[PDB]
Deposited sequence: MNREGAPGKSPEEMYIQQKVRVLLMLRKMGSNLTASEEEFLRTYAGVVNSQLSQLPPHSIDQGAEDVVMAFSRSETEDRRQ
């Protein structure tokens, strides 16, 4: 390993996660993933909590007891 290789592995991981999160990759990134398909497949062998809905409390009691 080396700084250079660390950079590559990190970029591959980020790009794969970014695509998984639903964002499109650029043309150079798609190319990058091809150039390092080895690292990609290497990692390929290694989310939620979004639009949660909130209820509205419509109840309104009378007064006293």
Where the deposited sequence has no C-alpha coordinates (positions from 1, in order): 1 to 8, 55 to 59, 79 to 81
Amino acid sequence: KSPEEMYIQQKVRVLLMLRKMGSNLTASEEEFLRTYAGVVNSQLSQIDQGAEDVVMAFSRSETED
From here on, numbers count along this sequence of modelled residues.
Mean C-alpha B-factor comparison - 47 to 55 and 21 to 29, higher one: 47 to 55
Comparing 2 to 10 with 56 to 64, the one whose average Cα B-factor in the PDB entry is higher: 56 to 64
